[PDB]
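Enquirer: Next up is a structure, given as structure tokens.
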Amino acid sequence: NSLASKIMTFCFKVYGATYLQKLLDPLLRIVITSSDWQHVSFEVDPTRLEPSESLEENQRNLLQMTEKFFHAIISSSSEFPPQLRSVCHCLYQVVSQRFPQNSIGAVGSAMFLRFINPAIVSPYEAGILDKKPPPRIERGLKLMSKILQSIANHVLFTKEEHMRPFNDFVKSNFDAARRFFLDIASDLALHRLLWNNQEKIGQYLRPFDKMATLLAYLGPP
Amino acid sequence: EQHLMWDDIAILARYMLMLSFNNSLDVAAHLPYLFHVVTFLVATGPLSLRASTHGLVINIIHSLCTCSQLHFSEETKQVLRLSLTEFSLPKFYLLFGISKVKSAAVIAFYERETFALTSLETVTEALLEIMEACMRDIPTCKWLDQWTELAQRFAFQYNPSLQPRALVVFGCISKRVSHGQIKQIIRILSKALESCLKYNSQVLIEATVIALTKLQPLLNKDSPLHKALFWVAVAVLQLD
């Protein structure tokens with residue numbers, strides 16, 4: 001988390017809120033209102049698994065939910081708002097000056113890590129839902145975002161042994177997300193903030209001096 | 001301050017402060033001549049005269065923001081408003097040889113900072129940015145040309161007290177220069193170094209070198225003098 005990292009997440013926030021909200025809310029309501037009928041469980045950690053539930057069955061439940069969630073994101077190119085498409089392309093070109101090889105990967109990871117996945121894990125706090133989903137859904141959404149991040153980072157699971165069974169799923173969807181990233185990446189009391197940090201703006205190495213006066217006239221009122 | 005006519009100048013500077021608020025009616029014919037007076041006076045003499053001379057500039061800038069005869073743009077007016085703000089800063093107090101005071105006004109109505117020409121350079125470019133901003137809006141004026149002539153006259157003529165100040169100003173304000181003017185400046189530098197064989201001389205050397213600094217961006221692209229001035233600088237550094 002640096003200032004430029006804050007700037008990027010802010011642009012995703014103020015421009016993609018309506019984008020995420022209308023994209024994830026239908027799938028979430030299908031996961032809660034529907035499929036609450038059965039004992040849907042996404043628990044794939046064996047040491048955490050109840051004796052009554054089945055590992056093979058829960059593993060399928062996770063991949064099905066992850067599949068339609070991933071499909072809805074990849075197929076959402078025609079609904080991507082233009083302000084972000086400008087942010088990701090601006091991010092695409094600047095890194096390409098120093099890392100021209102696979103520079104598109106950095107855009108897609110930050111896209112999923114700082115924008116898509118945090119709203120998937122916590123839909124209520126992101127403003128997408130009216131209340132938190134049931135506890136069994138919250139465990140599945142957290143596990144799904146771990147899979148979706150592996151796809152975005154183009155890296156297999158190598159840490160937790162219970163996420164390796166999904167490596168075949170993430171290895172196949174590598175380039176589908178890579179195509180989606182290549183798509184979206186191609187085309188106030190300010191004076192109160194100014195004067196509070198105005199002290200010694202001229203520490204550099206004309207405009208900083210000029211600026212100190214406007215800060216002293218506007219801010220001190 | 002020693003000069004045979006110092007009192008006569010000091011008196012007129014006093015009048016000029018009082019007049020300067022009424023100069024809100026006056027400035028349009030005068031503005032160059034007032035900065036010519038500022039240029040010589042800017043930090044000189046007893047502290048009350050310095051305070052007066054700071055006030056003189058403040059009041060002139062304010063007068064340029066409101067003369068009912070003028071029609072400056074919102075950009076030009078904003079530049080002047082920000083200039084008033086800038087001249088009100090402690091930085092400009094030190095430039096005018098004011099230190100140890102809350103308000104220049106109070107003292108206006110010695111601990112000479114032994115005058116640093118770099119301070120006059122700073123003032124002069126600020127007054128130049130004021131004049132330039134205005135001159136865009138008033139195409140029918142001759143102000144900078146008259147200031148150039150007035151400063152030029154005093155820069156080139158022999159007068160140990162004023163000539164350094166004038167050279168600094170001439171250099172700062174000018175928009176063109178000739179090899180014959182540079183010859184006169186470097187001849188002044190040389191004559192000032194002869195006088196060092198025989199403080200005032202040193203201030204004249206500093207002035208000529210500052211003048212050469214401002215003047216050298218003006219010189220013609222194929223002039224030898226750009227290369228020559230590097231050695232003028234080297235020789236100056238050698239002085240210690």
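In the structure tokens, the first chain shown is A, the next is B, and so on; residue numbers restart at 1 for each chain, and ligands run from 1 in the order shown.
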May I have the residues of chain B within 12 Å of chain A, counting only C-alpha atoms, written as an mmCIF file with N, CA, C and O atoms, in the first residue's frame?

Expert:
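Writing done, so here's selection.cif:
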data_model
loop_
_atom_site.group_PDB
_atom_site.id
_atom_site.type_symbol
_atom_site.label_atom_id
_atom_site.label_comp_id
_atom_site.auth_asym_id
_atom_site.auth_seq_id
_atom_site.Cartn_x
_atom_site.Cartn_y
_atom_site.Cartn_z
ATOM 1 N N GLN B 78 -5.033 38.197 -11.120
ATOM 2 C CA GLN B 78 -4.683 37.108 -10.215
ATOM 3 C C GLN B 78 -3.178 37.068 -9.956
ATOM 4 O O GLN B 78 -2.762 36.958 -8.807
ATOM 5 N N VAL B 79 -2.358 37.254 -10.988
ATOM 6 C CA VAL B 79 -0.906 37.356 -10.843
ATOM 7 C C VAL B 79 -0.548 38.485 -9.900
ATOM 8 O O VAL B 79 0.265 38.289 -9.001
ATOM 9 N N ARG B 81 -2.561 39.836 -7.507
ATOM 10 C CA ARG B 81 -3.078 39.430 -6.185
ATOM 11 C C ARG B 81 -2.095 38.487 -5.483
ATOM 12 O O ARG B 81 -1.698 38.682 -4.330
ATOM 13 N N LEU B 82 -1.627 37.482 -6.212
ATOM 14 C CA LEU B 82 -0.628 36.543 -5.721
ATOM 15 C C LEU B 82 0.705 37.246 -5.496
ATOM 16 O O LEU B 82 1.373 36.969 -4.512
ATOM 17 N N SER B 83 1.058 38.227 -6.311
ATOM 18 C CA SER B 83 2.228 39.047 -6.045
ATOM 19 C C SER B 83 2.067 39.815 -4.737
ATOM 20 O O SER B 83 2.985 39.798 -3.934
ATOM 21 N N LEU B 84 0.923 40.426 -4.425
ATOM 22 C CA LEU B 84 0.757 41.102 -3.137
ATOM 23 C C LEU B 84 1.014 40.146 -1.990
ATOM 24 O O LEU B 84 1.728 40.456 -1.037
ATOM 25 N N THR B 85 0.453 38.954 -2.129
ATOM 26 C CA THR B 85 0.614 37.885 -1.154
ATOM 27 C C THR B 85 2.099 37.551 -0.996
ATOM 28 O O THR B 85 2.617 37.571 0.110
ATOM 29 N N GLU B 86 2.814 37.373 -2.101
ATOM 30 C CA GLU B 86 4.243 37.068 -2.146
ATOM 31 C C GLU B 86 5.111 38.169 -1.526
ATOM 32 O O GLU B 86 5.977 37.901 -0.700
ATOM 33 N N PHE B 87 4.841 39.426 -1.855
ATOM 34 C CA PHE B 87 5.518 40.573 -1.266
ATOM 35 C C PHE B 87 5.213 40.718 0.231
ATOM 36 O O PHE B 87 6.034 41.235 0.987
ATOM 37 N N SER B 88 4.032 40.297 0.679
ATOM 38 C CA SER B 88 3.702 40.236 2.104
ATOM 39 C C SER B 88 4.455 39.137 2.877
ATOM 40 O O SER B 88 4.423 39.147 4.104
ATOM 41 N N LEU B 89 5.125 38.181 2.218
ATOM 42 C CA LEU B 89 5.828 37.086 2.904
ATOM 43 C C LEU B 89 7.136 37.543 3.562
ATOM 44 O O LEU B 89 7.848 38.386 3.009
ATOM 45 N N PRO B 90 7.569 36.865 4.632
ATOM 46 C CA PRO B 90 8.850 37.115 5.281
ATOM 47 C C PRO B 90 10.043 37.054 4.333
ATOM 48 O O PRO B 90 10.999 37.808 4.502
ATOM 49 N N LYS B 91 9.978 36.228 3.281
ATOM 50 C CA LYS B 91 11.034 36.183 2.263
ATOM 51 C C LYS B 91 11.282 37.576 1.712
ATOM 52 O O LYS B 91 12.399 38.078 1.776
ATOM 53 N N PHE B 92 10.232 38.265 1.291
ATOM 54 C CA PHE B 92 10.384 39.592 0.717
ATOM 55 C C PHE B 92 10.805 40.624 1.752
ATOM 56 O O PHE B 92 11.584 41.512 1.423
ATOM 57 N N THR B 122 16.301 38.888 -6.998
ATOM 58 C CA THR B 122 15.023 38.261 -6.678
ATOM 59 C C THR B 122 13.868 39.245 -6.783
ATOM 60 O O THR B 122 12.870 38.952 -7.439
ATOM 61 N N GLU B 125 13.300 40.287 -10.635
ATOM 62 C CA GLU B 125 12.531 39.316 -11.407
ATOM 63 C C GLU B 125 11.058 39.288 -11.000
ATOM 64 O O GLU B 125 10.202 39.133 -11.863
ATOM 65 N N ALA B 126 10.731 39.461 -9.717
ATOM 66 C CA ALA B 126 9.334 39.482 -9.289
ATOM 67 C C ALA B 126 8.599 40.701 -9.867
ATOM 68 O O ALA B 126 7.517 40.563 -10.438
#

Enquirer: Find the spatial neighbours of segment 136-148 of chain A, counting only C-alpha atoms, within a cut-off of 6 Å - ignore same-chain residues fewer than 4 positions away - and output them as a list in words.

Expert: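 The neighbour list is residues 42, 66, 117 and 121 of chain A.
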
Enquirer: Among the residues of segment 15-217 of chain A, find those DSSP assigns to helix (DSSP H, G or I) from the backbone and print them as a PyMOL selection string.

Expert: chain A and resi 15-32+46-48+55-74+77-79+82-96+104-121+135-153+164-172+174-184+190-196+207-217

Enquirer: Contacts of residue 128 of chain B at 12 Å or less, counting only C-alpha atoms, minus same-chain residues fewer than 6 places along, as number ranges by chain?

Expert: B: 31-32, 35-36, 39, 61, 79-80, 83, 120-122, 134-135, 143-145, 147-148, 169-175

Enquirer: Please produce, as CSV, a per-residue contact table for segment 11-32 of chain A versus segment 75-95 of chain A (criterion: any atom at most 8 Å away, only C-alpha atoms considered), showing the nearest atom pair and its distance in Å to one decimal, sorted by chain then residue number.

Expert:
residue,atom,partner,partner_atom,distance
A:11,CA,A:84,CA,7.1
A:12,CA,A:84,CA,6.5
A:15,CA,A:83,CA,6.5
A:16,CA,A:81,CA,6.9
A:19,CA,A:80,CA,7.0

Enquirer: Output the selection as a JSON list (two decimals), in the first residue's frame - C-alpha atoms for each residue.

Expert:
[["chain", "number", "residue", "atom", "x", "y", "z"],
["A", 11, "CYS", "CA", -10.30, 4.77, -9.33],
["A", 12, "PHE", "CA", -11.55, 1.17, -9.31],
["A", 15, "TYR", "CA", -15.79, 4.05, -11.32],
["A", 16, "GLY", "CA", -16.40, 0.30, -10.96],
["A", 19, "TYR", "CA", -19.90, -2.38, -12.52]]

Enquirer: Considering only C-alpha atoms, can you say which of B:161, B:99, B:22, B:63 comes closest to residue 50 of chain B?

Expert: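 Among the listed residues, B:99 lies closest to residue 50 of chain B.
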
Enquirer: Please provide the set of residues having any atom within 10 Å of residue 59 of chain A, restricted to only C-alpha atoms, with same-chain residues fewer than 2 positions apart removed, written as an mmCIF file with N, CA, C and O atoms, in the first residue's frame.

Expert:
data_model
loop_
_atom_site.group_PDB
_atom_site.id
_atom_site.type_symbol
_atom_site.label_atom_id
_atom_site.label_comp_id
_atom_site.auth_asym_id
_atom_site.auth_seq_id
_atom_site.Cartn_x
_atom_site.Cartn_y
_atom_site.Cartn_z
ATOM 1 N N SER A 41 -21.997 -27.169 0.809
ATOM 2 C CA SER A 41 -20.783 -26.926 1.574
ATOM 3 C C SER A 41 -19.615 -26.833 0.610
ATOM 4 O O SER A 41 -19.494 -27.651 -0.305
ATOM 5 N N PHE A 42 -18.770 -25.829 0.807
ATOM 6 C CA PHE A 42 -17.580 -25.653 -0.012
ATOM 7 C C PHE A 42 -16.305 -25.969 0.755
ATOM 8 O O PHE A 42 -15.212 -25.625 0.289
ATOM 9 N N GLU A 43 -16.413 -26.617 1.912
ATOM 10 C CA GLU A 43 -15.243 -26.902 2.730
ATOM 11 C C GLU A 43 -14.373 -27.934 2.025
ATOM 12 O O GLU A 43 -14.784 -29.082 1.834
ATOM 13 N N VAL A 44 -13.170 -27.524 1.626
ATOM 14 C CA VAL A 44 -12.231 -28.408 0.950
ATOM 15 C C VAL A 44 -10.968 -28.645 1.762
ATOM 16 O O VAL A 44 -10.082 -29.377 1.308
ATOM 17 N N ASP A 45 -10.853 -28.056 2.947
ATOM 18 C CA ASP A 45 -9.757 -28.380 3.850
ATOM 19 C C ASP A 45 -10.090 -29.663 4.603
ATOM 20 O O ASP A 45 -11.040 -29.672 5.396
ATOM 21 N N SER A 54 -18.882 -34.620 2.622
ATOM 22 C CA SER A 54 -17.983 -35.365 1.759
ATOM 23 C C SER A 54 -17.001 -34.420 1.082
ATOM 24 O O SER A 54 -17.385 -33.338 0.629
ATOM 25 N N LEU A 55 -15.744 -34.820 1.021
ATOM 26 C CA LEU A 55 -14.743 -33.980 0.346
ATOM 27 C C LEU A 55 -14.980 -33.943 -1.158
ATOM 28 O O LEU A 55 -15.097 -32.861 -1.677
ATOM 29 N N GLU A 56 -15.166 -35.094 -1.802
ATOM 30 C CA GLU A 56 -15.352 -35.128 -3.251
ATOM 31 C C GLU A 56 -16.522 -34.250 -3.677
ATOM 32 O O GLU A 56 -16.449 -33.556 -4.698
ATOM 33 N N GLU A 57 -17.600 -34.255 -2.895
ATOM 34 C CA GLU A 57 -18.787 -33.479 -3.236
ATOM 35 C C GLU A 57 -18.545 -31.983 -3.057
ATOM 36 O O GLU A 57 -18.948 -31.177 -3.905
ATOM 37 N N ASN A 61 -18.685 -28.712 -5.691
ATOM 38 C CA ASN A 61 -19.455 -27.508 -5.395
ATOM 39 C C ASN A 61 -18.610 -26.249 -5.569
ATOM 40 O O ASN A 61 -19.099 -25.232 -6.073
ATOM 41 N N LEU A 62 -17.360 -26.318 -5.166
ATOM 42 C CA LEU A 62 -16.523 -25.118 -5.314
ATOM 43 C C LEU A 62 -16.248 -24.823 -6.783
ATOM 44 O O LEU A 62 -16.408 -23.690 -7.179
ATOM 45 N N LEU A 63 -15.909 -25.835 -7.568
ATOM 46 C CA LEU A 63 -15.540 -25.588 -8.958
ATOM 47 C C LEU A 63 -16.729 -25.094 -9.772
ATOM 48 O O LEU A 63 -16.565 -24.245 -10.655
ATOM 49 N N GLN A 64 -17.931 -25.611 -9.499
ATOM 50 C CA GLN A 64 -19.115 -25.137 -10.211
ATOM 51 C C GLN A 64 -19.345 -23.655 -9.949
ATOM 52 O O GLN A 64 -19.528 -22.867 -10.887
ATOM 53 N N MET A 163 -5.268 -27.058 -1.688
ATOM 54 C CA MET A 163 -5.632 -26.278 -2.866
ATOM 55 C C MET A 163 -5.010 -26.824 -4.144
ATOM 56 O O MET A 163 -5.387 -26.384 -5.236
ATOM 57 N N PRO A 165 -5.511 -29.842 -5.536
ATOM 58 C CA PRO A 165 -6.484 -30.515 -6.409
ATOM 59 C C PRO A 165 -7.134 -29.624 -7.459
ATOM 60 O O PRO A 165 -7.703 -30.130 -8.431
ATOM 61 N N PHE A 166 -7.064 -28.308 -7.278
ATOM 62 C CA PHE A 166 -7.650 -27.360 -8.215
ATOM 63 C C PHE A 166 -6.655 -26.849 -9.250
ATOM 64 O O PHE A 166 -7.023 -26.000 -10.068
#

Enquirer: Would you list the contacts of residue 126 of chain A as a ChimeraX atom specification, taking every protein, DNA or RNA residue within 9 Å and counting only C-alpha atoms, but skipping same-chain residues closer than 5 positions in sequence?

Expert: /A:17,21,118-120

Enquirer: Using only C-alpha atoms, pick whichever of B:108, B:118, B:70, B:185 has the shortest atom-to-atom distance to residue 139 of chain B.

Expert: B:70
